[PDB]
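Note sheet for the following structure.
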Number of protein chains: 6
Amino acid sequence: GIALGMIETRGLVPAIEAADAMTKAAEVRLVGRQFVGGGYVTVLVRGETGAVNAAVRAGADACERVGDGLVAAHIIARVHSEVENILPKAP
Amino acid sequence: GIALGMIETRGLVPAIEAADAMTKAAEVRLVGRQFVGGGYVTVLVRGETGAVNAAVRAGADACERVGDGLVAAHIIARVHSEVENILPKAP
Amino acid sequence: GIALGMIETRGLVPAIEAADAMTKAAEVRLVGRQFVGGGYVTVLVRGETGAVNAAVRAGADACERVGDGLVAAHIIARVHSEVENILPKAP
Amino acid sequence: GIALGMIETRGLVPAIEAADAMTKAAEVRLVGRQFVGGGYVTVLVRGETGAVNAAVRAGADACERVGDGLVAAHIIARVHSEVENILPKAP
Amino acid sequence: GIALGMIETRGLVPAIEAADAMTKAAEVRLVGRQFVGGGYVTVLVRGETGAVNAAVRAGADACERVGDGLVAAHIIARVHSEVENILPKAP
Amino acid sequence: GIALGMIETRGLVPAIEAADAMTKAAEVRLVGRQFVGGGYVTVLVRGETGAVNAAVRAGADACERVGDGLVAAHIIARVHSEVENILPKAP
């Protein structure tokens with residue numbers, strides 16, 4: 001599956017719980033954890049459409065109350081192939 | 001084409017949704033995704049003048065409500081040769 | 001043990017006092033100290049479930065009044081295998 | 001010419017338009033684009049005194065309305081030779 | 001001596017005066033100067049307990065009025081050996 | 001001489017104008033320009049005690065109205081040998 005799920009948080013601790021809740025929620029693979037600058041952290045997962053939708057909803061609910069909380073939660077079920085050049089394949 | 005499109009966001013998730021909307025909207029290549037410092041991210045595209053105009057406006061409309069949102073959307077249809085030395089050629 | 005403890009602070013001094021209180025409070029190993037960006041720091045410990053619970057609560061109580069203070073204190077007693085790829089094994 | 005022109009902005013997008021407006025305004029060479037930290041970006045040009053004065057005035061006017069806008073615009077027509085050791089020669 | 005002293009400041013200038021006041025105040029060795037992110041800077045010294053206590057008190061008083069001032073001032077007279085893996089030995 | 005002068009600013013443009021005013025004001029060498037994190041920049045000079053005093057006060061008066069301005073201006077006429085290990089010798 002090539003659908004993409006993304007959760008952005010303030011700090012690394014909410015991000016690490018988001019990643020746990022996502023990967024326990026459905027069959028998805030964790031491809032990236034990016035320190036964006038100025039406090040933001042983003043975790044990326046790939047999998048099938050049904051799986052990525054459940055994973056992102058679970059991560060969003062689990063990290064909102066942790067540390068400085070949630071920034072963004074977002075799905076793109078089929079990115080353009082051009083966007084693959086800025087998406088990591090391994091953490 | 002050598003027209004330049006650029007979109008700056010707060011955080012990485014609005015920038016990836018910006019990159020996706022831009023490349024599906026017209027024939028543009030993604031030449032870079034830059035971590036600016038302090039939370040800003042900038043995505044950059046190249047192509048013919050009309051393609052880049054259609055691309056930039058679609059990415060702005062798409063990322064506006066994603067995460068912490070949109071900072072800038074802007075076009076330079078023919079940069080001076082000088083500026084090419086600070087523009088990346090692939091991301 | 002493979003339970004995970006995490007404490008996020010504003011600045012490096014509250015995080016080192018957090019690491020000290022955590023490791024003296026129960027049998028946990030210090031696997032990482034991460035400079036997150038924008039001032040956040042995160043310290044991470046591993047061990048059995050009860051050791052990590054006692055560790056995390058002691059570090060929170062210790063760093064709360066140090067410097068700019070505590071951001072998050074949180075435990076994941078069995079992370080998914082997926083998340084292991086973004087957790088450091090030594091600092 | 002060895003006079004120096006400098007424009008500092010919030011974000012990379014206003015900086016890239018500043019560089020375009022400067023180099024289209026008079027004969028100057030673009031020597032640097034620096035990510036300062038915490039959002040600031042600085043572009044540096046060199047050339048003759050008359051040229052650097054026109055270039056900086058044009059860049060300042062062109063970038064004020066772009067993204068998060070302008071921070072500083074400044075000329076030094078002849079830096080001390082000691083200052084050359086912190087001025088880049090190539091972008 | 002293995003006791004640890006720590007001073008965190010906003011900016012590098014208050015940190016450099018803190019380090020001067022600490023090392024002139026008692027026999028301590030300067031082991032680290034860390035750029036934490038988002039403006040914070042931390043200086044670390046080691047020595048005996050009596051020496052580290054005088055050093056930190058002097059540094060704290062000397063840097064409060066310099067630049068953007070003091071963030072934290074803190075002693076741990078005997079860190080756990082696990083914490084040694086995140087403490088530098090040389091600046 | 002081994003007296004130390006230091007000026008901290010918000011952004012890179014006020015710091016370069018600070019470096020220029022300092023080196024033209026008396027016989028001082030520029031030993032470093034440090035990107036601190038979060039937007040702060042620090043420039044550092046060495047020389048005899050009177051040269052460094054004249055240098056520092058001139059740089060403060062010059063950069064005050066440039067960009068986001070001046071954070072600190074400060075002199076240490078004889079640092080302890082300990083601190084030399086965190087001071088750069090050339091920029």
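Chain labels run A, B, ... following the order of the structure tokens; each chain numbers its residues from 1, and ligands are numbered from 1 in the order shown.
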
Exercise for review: Show which residues sit within 10 Å of range 49-62 of chain D, as a VMD selection string. Count only C-alpha atoms, and ignore same-chain residues fewer than 4 positions away.
Suggested key: chain D and resid 1 to 9 14 to 29 44 to 45 66 69 to 78

May I have the residues from that selection written out with N, CA, C and O atoms, as a compact mmCIF listing (two decimals), in the first residue's frame?
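part.txt, written as the output of this step:
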```txt
# COMPACT_ATOMS: atom_id res chain seq x y z
N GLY D 1 33.81 45.47 -7.84
CA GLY D 1 33.28 46.24 -6.72
C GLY D 1 33.17 45.42 -5.45
O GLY D 1 32.80 44.24 -5.49
N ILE D 2 33.47 46.05 -4.31
CA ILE D 2 33.56 45.37 -3.02
C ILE D 2 32.54 45.86 -2.00
O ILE D 2 32.58 45.42 -0.85
N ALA D 3 31.65 46.78 -2.38
CA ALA D 3 30.55 47.16 -1.50
C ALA D 3 29.62 45.97 -1.25
O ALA D 3 29.49 45.08 -2.10
N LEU D 4 28.96 45.97 -0.09
CA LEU D 4 28.16 44.84 0.39
C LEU D 4 26.72 45.28 0.62
O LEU D 4 26.47 46.35 1.19
N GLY D 5 25.79 44.46 0.15
CA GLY D 5 24.36 44.68 0.39
C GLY D 5 23.76 43.47 1.07
O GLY D 5 24.14 42.34 0.78
N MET D 6 22.83 43.72 1.99
CA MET D 6 22.28 42.66 2.83
C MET D 6 20.79 42.88 3.03
O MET D 6 20.36 44.01 3.30
N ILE D 7 20.00 41.81 2.89
CA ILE D 7 18.57 41.82 3.18
C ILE D 7 18.24 40.59 4.02
O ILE D 7 18.57 39.46 3.64
N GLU D 8 17.61 40.82 5.17
CA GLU D 8 17.20 39.76 6.08
C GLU D 8 15.67 39.68 6.09
O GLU D 8 14.99 40.71 6.13
N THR D 9 15.14 38.46 6.02
CA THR D 9 13.69 38.24 5.96
C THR D 9 13.29 37.13 6.93
O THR D 9 14.13 36.43 7.50
N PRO D 14 10.29 35.22 0.97
CA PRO D 14 10.63 36.65 0.81
C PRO D 14 12.09 36.87 0.45
O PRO D 14 12.40 37.80 -0.30
N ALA D 15 13.01 36.04 0.98
CA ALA D 15 14.42 36.16 0.65
C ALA D 15 14.69 35.88 -0.83
O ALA D 15 15.56 36.51 -1.44
N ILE D 16 13.99 34.90 -1.42
CA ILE D 16 14.29 34.55 -2.80
C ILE D 16 13.80 35.63 -3.76
O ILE D 16 14.43 35.88 -4.80
N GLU D 17 12.69 36.31 -3.43
CA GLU D 17 12.24 37.45 -4.23
C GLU D 17 13.15 38.66 -4.05
O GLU D 17 13.41 39.40 -5.01
N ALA D 18 13.63 38.89 -2.82
CA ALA D 18 14.61 39.95 -2.59
C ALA D 18 15.83 39.76 -3.50
O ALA D 18 16.21 40.68 -4.23
N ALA D 19 16.40 38.55 -3.50
CA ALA D 19 17.54 38.26 -4.37
C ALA D 19 17.23 38.50 -5.85
O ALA D 19 18.10 38.96 -6.60
N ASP D 20 16.01 38.15 -6.30
CA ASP D 20 15.65 38.39 -7.69
C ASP D 20 15.59 39.88 -7.99
O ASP D 20 16.15 40.35 -8.98
N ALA D 21 14.93 40.65 -7.12
CA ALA D 21 14.78 42.08 -7.35
C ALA D 21 16.12 42.80 -7.29
O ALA D 21 16.36 43.74 -8.07
N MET D 22 17.02 42.37 -6.40
CA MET D 22 18.33 43.00 -6.30
C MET D 22 19.15 42.77 -7.57
O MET D 22 19.72 43.72 -8.13
N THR D 23 19.23 41.52 -8.03
CA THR D 23 20.09 41.21 -9.16
C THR D 23 19.51 41.68 -10.49
O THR D 23 20.25 41.81 -11.47
N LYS D 24 18.20 41.94 -10.56
CA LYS D 24 17.65 42.56 -11.75
C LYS D 24 17.78 44.07 -11.73
O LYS D 24 17.59 44.71 -12.77
N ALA D 25 18.12 44.66 -10.58
CA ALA D 25 18.09 46.11 -10.43
C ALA D 25 19.37 46.80 -10.86
O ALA D 25 19.32 47.95 -11.31
N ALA D 26 20.53 46.14 -10.73
CA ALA D 26 21.82 46.70 -11.11
C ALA D 26 22.81 45.55 -11.21
O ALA D 26 22.49 44.41 -10.85
N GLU D 27 24.01 45.84 -11.70
CA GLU D 27 25.02 44.79 -11.83
C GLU D 27 25.61 44.46 -10.45
O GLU D 27 26.55 45.11 -9.99
N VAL D 28 25.07 43.44 -9.79
CA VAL D 28 25.63 42.93 -8.54
C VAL D 28 25.71 41.41 -8.61
O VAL D 28 24.95 40.77 -9.34
N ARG D 29 26.63 40.83 -7.83
CA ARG D 29 26.79 39.38 -7.76
C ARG D 29 26.27 38.86 -6.42
O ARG D 29 26.53 39.46 -5.37
N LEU D 44 23.20 38.05 0.58
CA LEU D 44 24.28 39.02 0.44
C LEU D 44 24.67 39.15 -1.02
O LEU D 44 24.80 38.14 -1.73
N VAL D 45 24.90 40.40 -1.46
CA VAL D 45 25.38 40.73 -2.79
C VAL D 45 26.60 41.65 -2.67
O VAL D 45 26.76 42.37 -1.68
N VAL D 66 5.68 39.96 1.01
CA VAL D 66 5.75 38.56 0.61
C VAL D 66 5.97 37.72 1.86
O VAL D 66 6.93 37.94 2.60
N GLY D 69 7.55 38.77 5.35
CA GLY D 69 8.05 40.12 5.13
C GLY D 69 9.51 40.36 5.46
O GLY D 69 10.33 39.45 5.58
N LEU D 70 9.83 41.65 5.62
CA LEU D 70 11.20 42.13 5.69
C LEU D 70 11.66 42.37 7.12
O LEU D 70 10.88 42.84 7.96
N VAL D 71 12.93 42.07 7.39
CA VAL D 71 13.55 42.32 8.69
C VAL D 71 14.54 43.49 8.63
O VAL D 71 14.47 44.41 9.44
N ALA D 72 15.47 43.45 7.67
CA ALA D 72 16.54 44.45 7.62
C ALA D 72 17.02 44.63 6.19
O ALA D 72 16.96 43.72 5.37
N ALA D 73 17.50 45.84 5.89
CA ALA D 73 18.05 46.15 4.59
C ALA D 73 19.17 47.15 4.82
O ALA D 73 18.93 48.18 5.46
N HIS D 74 20.37 46.84 4.34
CA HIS D 74 21.54 47.53 4.85
C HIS D 74 22.71 47.45 3.87
O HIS D 74 22.92 46.41 3.24
N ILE D 75 23.45 48.54 3.75
CA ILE D 75 24.62 48.64 2.88
C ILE D 75 25.84 48.96 3.74
O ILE D 75 25.73 49.73 4.71
N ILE D 76 26.99 48.35 3.43
CA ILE D 76 28.31 48.81 3.88
C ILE D 76 29.20 48.91 2.64
O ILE D 76 29.59 47.89 2.07
N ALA D 77 29.57 50.14 2.26
CA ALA D 77 30.23 50.32 0.97
C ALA D 77 31.67 49.81 0.95
O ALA D 77 32.20 49.57 -0.14
N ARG D 78 32.30 49.63 2.12
CA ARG D 78 33.68 49.13 2.18
C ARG D 78 33.89 48.50 3.57
O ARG D 78 34.27 49.19 4.51
```

Exercise for review: DSSP on the backbone, then: every residue of range 14-76 of chain F marked alpha helix (DSSP H), written as a PyMOL selection string.
Suggested key: chain F and resi 14-25+49-63

Can you check which residues of chain B have any atom within 10 Å of chain C? Use only C-alpha atoms and format it as a PDB file with N, CA and C atoms, in the first residue's frame.
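Generated file (iface02.pdb):
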```pdb
ATOM      1  N   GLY B  37      14.289  26.682   9.293  1.00  0.00           N
ATOM      2  CA  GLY B  37      14.658  27.147  10.622  1.00  0.00           C
ATOM      3  C   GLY B  37      13.460  27.747  11.336  1.00  0.00           C
ATOM      4  N   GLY B  38      13.308  27.454  12.625  1.00  0.00           N
ATOM      5  CA  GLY B  38      12.216  28.019  13.391  1.00  0.00           C
ATOM      6  C   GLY B  38      10.838  27.500  13.050  1.00  0.00           C
ATOM      7  N   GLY B  39      10.722  26.394  12.305  1.00  0.00           N
ATOM      8  CA  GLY B  39       9.432  25.829  11.930  1.00  0.00           C
ATOM      9  C   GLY B  39       9.010  26.016  10.478  1.00  0.00           C
TER      10      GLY B  39
END
```

Exercise for review: For CA of residue 40 in chain D and CA of residue 10 in chain D, quote the distance in Å rounded to one decimal.
Suggested key: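 Between CA of residue 40 in chain D and CA of residue 10 in chain D the gap is 5.0 Å.
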
Practice item. Please indicate the distance in Å from CA of residue 89 in chain C to CA of residue 11 in chain A, rounded to one decimal place. Key: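 Value for the CA of residue 89 in chain C-CA of residue 11 in chain A distance: 19.8 Å.
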
Practice item. Quote the spacing between CA of residue 41 in chain E and CA of residue 35 in chain F in Å to one decimal place. Key: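 These two atoms are separated by 11.6 Å.
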
Review point. Counting only C-alpha atoms, what is within 10 Å of residue 31 in chain A, bar same-chain residues fewer than 4 positions away, as a list in words?
Key: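 Contacts, with the query itself left out: residues 4, 43, 44, 45, 46, 87, 88, 89, 90 and 91 of chain A; 82, 83, 85 and 86 of chain C.
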
File dump, residues just selected, N, CA and C atoms, as a short mmCIF file (atom, residue, chain, number, x, y, z; two decimals), in the first residue's frame:
```cif
data_model
loop_
_atom_site.label_atom_id
_atom_site.label_comp_id
_atom_site.auth_asym_id
_atom_site.auth_seq_id
_atom_site.Cartn_x
_atom_site.Cartn_y
_atom_site.Cartn_z
N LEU A 4 -0.47 7.54 2.39
CA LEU A 4 0.44 8.22 3.31
C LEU A 4 -0.35 8.82 4.47
N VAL A 43 5.83 12.39 12.08
CA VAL A 43 5.97 10.96 11.81
C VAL A 43 5.12 10.60 10.59
N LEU A 44 5.68 9.77 9.71
CA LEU A 44 5.02 9.34 8.48
C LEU A 44 4.91 7.82 8.45
N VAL A 45 3.74 7.33 8.01
CA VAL A 45 3.46 5.91 7.82
C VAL A 45 2.91 5.70 6.41
N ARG A 46 3.11 4.49 5.86
CA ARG A 46 2.54 4.06 4.59
C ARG A 46 1.80 2.74 4.79
N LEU A 87 9.77 12.00 0.22
CA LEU A 87 9.24 11.09 1.25
C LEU A 87 10.28 10.03 1.58
N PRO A 88 10.69 9.89 2.84
CA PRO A 88 11.72 8.90 3.17
C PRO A 88 11.18 7.48 3.07
N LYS A 89 12.05 6.51 2.91
CA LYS A 89 11.66 5.12 2.77
C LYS A 89 11.99 4.34 4.02
N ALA A 90 12.89 4.88 4.83
CA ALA A 90 13.33 4.21 6.05
C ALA A 90 13.53 5.28 7.12
N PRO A 91 13.17 5.00 8.39
CA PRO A 91 13.41 5.94 9.49
C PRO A 91 14.89 6.10 9.80
N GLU C 82 7.58 -1.66 15.03
CA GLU C 82 7.74 -0.54 14.10
C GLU C 82 8.47 0.63 14.75
N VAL C 83 8.07 1.00 15.97
CA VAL C 83 8.62 2.20 16.60
C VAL C 83 10.06 2.03 17.03
N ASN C 85 12.54 1.33 15.36
CA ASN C 85 13.43 1.88 14.36
C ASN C 85 13.69 3.41 14.51
N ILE C 86 12.93 4.12 15.33
CA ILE C 86 13.17 5.54 15.63
C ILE C 86 13.59 5.76 17.08
#
```
